[PDB]
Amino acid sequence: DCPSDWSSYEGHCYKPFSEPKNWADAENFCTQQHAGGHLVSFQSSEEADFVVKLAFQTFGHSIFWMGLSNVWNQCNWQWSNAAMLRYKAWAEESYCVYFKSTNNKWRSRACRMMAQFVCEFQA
């Protein structure tokens, strides 16, 4: 059963917010929303759809964060001449996945930016 402010799906509680916060902060914020809170993790298409229909009906149309960050940061990066990554000139330090109320698609925005978000916990 979930707080009166949360929506229930398969033994989990999802609640979307509207205070644009960076990735780290929006993930900070979620742990303080309920014992075991964190940003939204989509373990499936069904769960992901439910969350999408949910963010829609509420705030109608905007971009929400998700439980993925430092996505490509630990990928194996090397130049095509076989050289290792040493010098750096990245325009953005890290990327964070985020979705938007229109569809269940994973997008990527620089982490240190701002967007809405959906928090979740279980039971």
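Think of the rigid core as the biggest set of C-alphas that the two forms share within 1.5 Å after superposition. Residues carry their position along the shown sequence, with the first being 1.
- After a core fit, the C-alpha atoms in 5 other deposited structures of this protein lie farther on average from the shown form in one of 42-50 and 79-87, namely 79-87.
- Mean CA temperature factor is higher for 91-99 when stretches 34-42 and 91-99 are set side by side in the entry.
- Set 68-76 against 82-90 and average the Cα temperature factors; 68-76 ends up higher.
- The PDB entry assigns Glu47 a C-alpha temperature factor belonging to the lowest third of its chain's modelled residues.
- Per the PDB record, residue ranking by Cα B-factor puts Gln116 in the highest third of the chain.
- In this PDB entry, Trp106 carries a Cα temperature factor that places it within the highest third of its chain's modelled residues.
- When all modelled residues of the chain are sorted by CA temperature factor, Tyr14 is found within the lowest third.
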